[PDB]
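J.: Pasting in a structure now, in structure tokens, and then I'll have a few things to ask.
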Amino acid sequence: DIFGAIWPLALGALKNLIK
């Protein structure tokens with residue numbers, strides 16, 4: 001299912017947090 005496009009998203013969110 002949609003388990004590849006939602007990955008780069010959560011990763012980009014944790015980056016703007018403290019990265």
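Chain lettering (A, B, ...) mirrors the order of the structure tokens, residue numbering begins at 1 for each chain separately, and ligand numbering begins at 1 in order of display.
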Using the chain letters and numbers from this document, which residues of chain A does DSSP assign to alpha helix (DSSP H), as a CSV table (one decimal) with N, CA, C and O atoms, in the first residue's frame?
T.:
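File part.csv, as written:
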```csv
chain,number,residue,atom,x,y,z
A,6,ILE,N,4.9,8.0,2.2
A,6,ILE,CA,4.7,8.5,3.6
A,6,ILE,C,6.0,8.4,4.4
A,6,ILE,O,6.1,8.9,5.5
A,7,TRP,N,7.0,7.8,3.8
A,7,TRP,CA,8.3,7.7,4.6
A,7,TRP,C,9.1,9.0,4.5
A,7,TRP,O,9.4,9.5,5.5
A,8,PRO,N,9.4,9.4,3.3
A,8,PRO,CA,10.1,10.6,3.1
A,8,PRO,C,9.4,11.8,3.8
A,8,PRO,O,10.1,12.8,4.2
A,9,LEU,N,8.2,11.7,4.0
A,9,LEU,CA,7.4,12.8,4.7
A,9,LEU,C,7.8,12.8,6.2
A,9,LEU,O,8.3,13.8,6.7
A,10,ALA,N,7.5,11.8,6.8
A,10,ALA,CA,7.8,11.7,8.3
A,10,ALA,C,9.3,12.0,8.5
A,10,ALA,O,9.7,12.6,9.5
A,11,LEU,N,10.2,11.6,7.6
A,11,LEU,CA,11.6,11.8,7.7
A,11,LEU,C,11.9,13.3,7.6
A,11,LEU,O,12.7,13.9,8.3
A,12,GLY,N,11.2,14.0,6.7
A,12,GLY,CA,11.5,15.4,6.5
A,12,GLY,C,10.9,16.2,7.7
A,12,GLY,O,11.3,17.3,8.0
A,13,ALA,N,10.0,15.6,8.4
A,13,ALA,CA,9.4,16.3,9.6
A,13,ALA,C,10.4,16.2,10.7
A,13,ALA,O,10.6,17.2,11.4
A,14,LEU,N,11.0,15.1,10.9
A,14,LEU,CA,11.9,14.9,12.0
A,14,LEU,C,13.2,15.7,11.7
A,14,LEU,O,14.0,16.0,12.6
A,15,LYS,N,13.4,16.0,10.5
A,15,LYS,CA,14.7,16.8,10.1
A,15,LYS,C,14.5,18.3,10.5
A,15,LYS,O,15.3,18.9,11.2
A,16,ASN,N,13.4,18.9,10.1
A,16,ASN,CA,13.1,20.3,10.4
A,16,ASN,C,13.0,20.5,12.0
A,16,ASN,O,13.0,21.6,12.5
A,17,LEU,N,12.8,19.4,12.7
A,17,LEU,CA,12.6,19.5,14.1
A,17,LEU,C,14.0,19.8,14.8
A,17,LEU,O,14.1,20.9,15.5
A,18,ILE,N,15.0,19.0,14.6
A,18,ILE,CA,16.3,19.3,15.2
A,18,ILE,C,17.4,19.1,14.2
A,18,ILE,O,18.6,18.8,14.6
```
